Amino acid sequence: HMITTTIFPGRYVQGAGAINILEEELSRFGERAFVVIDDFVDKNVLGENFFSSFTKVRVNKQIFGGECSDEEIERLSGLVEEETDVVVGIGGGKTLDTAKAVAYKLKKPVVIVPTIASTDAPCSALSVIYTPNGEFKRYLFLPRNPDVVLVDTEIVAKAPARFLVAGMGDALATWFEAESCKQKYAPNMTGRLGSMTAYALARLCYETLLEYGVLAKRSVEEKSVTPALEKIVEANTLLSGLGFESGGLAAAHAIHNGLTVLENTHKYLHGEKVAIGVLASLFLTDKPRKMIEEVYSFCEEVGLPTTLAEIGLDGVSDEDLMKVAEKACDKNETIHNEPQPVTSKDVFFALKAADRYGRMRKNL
């Protein structure tokens, strides 16, 4: 009853060139590290011989199979030597979630090194597990958040701007969903209530996006790191992570989940579809005119979708939209954390209204 719980990664390290202090961070755990790395990252981001420069920590480097599946988690787990002191994940979301799962299975600390700032999952005590074919299988709730999250903003700036923008879409949802949970007194990912700190970090996330998002996008377009980019990477990773996990999820992510039932949306990134969920949720939950205008203006300036056509649903049928709404309103979905009672028809209507509003702003 009214008890809060806020969870955190142990250490969050961020800056241009931070990959160069990875050895120092691993050495705080011991002398043996098991590294799970994305193949593209090994060859094109760190360089195949990157670990040859280590002198204080012995690395067992293993190329990630590509899918965070129970099968891959089992395969990698069997390659870990007993004397291993720390597990490391370097790459995108699936690589990081796999590393978290392997560390959990072997009861070892984990260091998470995202090479893109495209979702707010890095700092979380969660791994999303898929079948070998890439279809969602289940959520693995972890007992501990990562011991270290290390973000090299120079590596992030060299990745395509599309990925930073998608991270801003995943982050954009944080305040709206956490605010709904705060109003509802809904539980967060721990089962207890969010703290004043969690809700304040979710609001800071949103304010940071509005103020620095465009400046950060201009920086990444030139593969450059500026303080504006640093603030947005921190917002997309640390603030958004804490805000969604300890503040809570609500309509936007449930709507994103419903959108996955339409195959035309599969080529779009998580954060791009979350943005559509956010916009629909502003109509659904009765936001005032100035707030709706503020969010659409932000999406327009950074290049997030504001219409169904922009996520591959140009001319989508009412029948297809109702499938999305029904999926979003599954009894176990987060949309029920909204203070208002929500039915599928309400979501269907909000998606259509949000789309029409976005199209008219764009003179379509």
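Numbering starts at 1 and follows the sequence shown.
Note on 287 to 295 vs 140 to 148: mean CA B-factor is higher in 140 to 148. Stretches 349 to 357 and 16 to 24 differ in mean CA B factor, with 16 to 24 having the higher one. Across the options 256, 182, 267, 218, the residue with the most elevated CA B-factor in the record is 267.
Of the candidates 240, 84, 208, 246, the PDB record gives 84 the highest C-alpha temperature factor. When the modelled residues of the chain are ordered by their C-alpha B factor, residue 338 lands in the middle third. Among the modelled residues of its chain, residue 77 has a C-alpha B-factor that falls in the highest third, as given in the PDB entry. Sort the modelled residues of the chain by CA B factor and residue 263 lands in the highest third. In the PDB entry, a CA B factor belonging to the middle third of its chain's modelled residues is recorded for residue 154. For residue 201, the recorded CA temperature factor ranks within the lowest third of the chain's modelled residues.
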